[PDB]
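Q: Can you read through this structure? Questions will come right after.
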Amino acid sequence: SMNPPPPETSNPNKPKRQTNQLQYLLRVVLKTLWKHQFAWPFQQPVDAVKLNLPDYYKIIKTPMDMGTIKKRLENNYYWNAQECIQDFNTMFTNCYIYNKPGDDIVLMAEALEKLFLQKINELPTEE
Ligand SMILES: COc1ccc2c(c1)C(c1ccc(Cl)cc1)=N[C@@H](CC(=O)NCCCNC(=O)OC(C)(C)C)c1nnc(C)n1-2
């Protein structure tokens, strides 16, 4: 078990926007989660080699992480906010799929997801 290529963060063929909702996802949502004490496991793709998780990419076929989301937002990769919200939800779900209830990493994901939900509850109406 090598690592897979990371998710795409650059693709000139993909149409792009910078909507007020996407600006909120960067300035409020990503920034709030990134600074949290429990962000670090999520700030880059899972390194299955260094973590000795040879089954990780056997189980997880839609990897996602906040490093990827941060690059997507900074590079204006998205067309809409729903695409970015889906990336956050994929990241949390992958953690819950791979790990066991009550594991430390699951507790970390749950704490970040609570904050994520609190912030996207106030996603502004698209202008
Ligand atoms: C860069 O470091 C990363 C990156 C990603 C991680 C993890 C670590 C971390 C991470 C884990 C604990 C804490 Cl406190 C924080 C993180 N979790 C991985 C999944 C994983 O490694 N599972 C091994 C399970 C083996 N059990 C284990 O060793 O338990 C002991 C025996 C009590 C020590 C895992 N699953 N999803 C993610 C994200 N991650």
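Q: Can you confirm whether region 13-29 contains a residue that is assigned to a helix (DSSP H, G or I), under 22 Å from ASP104 (Cβ atoms) and not small (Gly, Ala, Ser)?
A: Within region 13-29, not a single residue is assigned to a helix (DSSP H, G or I), under 22 Å from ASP104 (Cβ atoms) and not small (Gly, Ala, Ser).
Q: Do you know which of the residues in region 55-72 that are in a helix (DSSP H, G or I) and over 11 Å from the mean Cα position of the chain (by Cα) is nearest to the ligand (Cβ to nearest atom)? Steps first, answer last, please.
A: Residues of region 55-72 that are in a helix (DSSP H, G or I), as a first pass: 56-59, 66-72.
From what's left, over 11 Å from the mean Cα position of the chain (by Cα): 56-59.
Numbers: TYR56: 7, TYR57: 12, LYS58: 14, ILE59: 10 Å.
So, considering only residues that are in a helix (DSSP H, G or I) and over 11 Å from the mean Cα position of the chain (by Cα), the one nearest to the ligand (Cβ to nearest atom) is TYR56.
Q: Looking at (1) over 23 Å from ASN3 (Cβ atoms); (2) assigned to a helix (DSSP H, G or I); (3) in contact with a helix residue (DSSP H, G or I) (Cβ under 8 Å, 6 or more places away or on another chain), find the lone condition where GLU83 falls short.
A: (3)
Q: If you don't mind, there's one more thing I want to ask. Determine if region 63-78 includes at least one residue that is within 15 Å of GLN18 (Cα to Cα), among the hydroxyl-bearing types (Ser, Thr, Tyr) and touching a helix residue (DSSP H, G or I) at 6+ places or on another chain (Cβ under 7 Å).
A: First pass over region 63-78, keeping only residues within 15 Å of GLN18 (Cα to Cα): 69-78.
Those left that are additionally among the hydroxyl-bearing types (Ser, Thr, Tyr): 77-78.
Applying the additional criterion that residues be touching a helix residue (DSSP H, G or I) at 6+ places or on another chain (Cβ under 7 Å) yields 78.
Checked against the condition, which is being within 15 Å of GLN18 (Cα to Cα), among the hydroxyl-bearing types (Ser, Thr, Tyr) and touching a helix residue (DSSP H, G or I) at 6+ places or on another chain (Cβ under 7 Å), region 63-78 yields at least one hit.
Q: Does region 110-127 hold any residues that are part of a helix (DSSP H, G or I) and acidic (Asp, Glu), and which are they?
A: Listed by number, the residues that qualify are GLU110, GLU113.
Q: Look through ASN89, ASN99, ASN52 and report the one residue that is closer than 21 Å to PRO4 by Cβ, free of Cβ contacts under 8 Å to residues at least 12 places away in the same chain, surrounded by 12 or more Cβ atoms within 10 Å (Cβ to Cβ) and within 11 Å of the ligand (Cβ to nearest atom).
A: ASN99
Q: For region 9-49, how many residues meet the condition of being under 13 Å from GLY67 (Cβ atoms) and touching a residue at least 60 places away in the same chain (Cβ under 8 Å)?
A: So the count comes out to 5.
Don't worry about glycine lacking a Cβ; one is built from the backbone with ideal geometry, like all the others, and counts go over all protein chains shown. Values quoted throughout were computed directly from the atomic coordinates according to the rules given, and no laboratory measurement underlies them.
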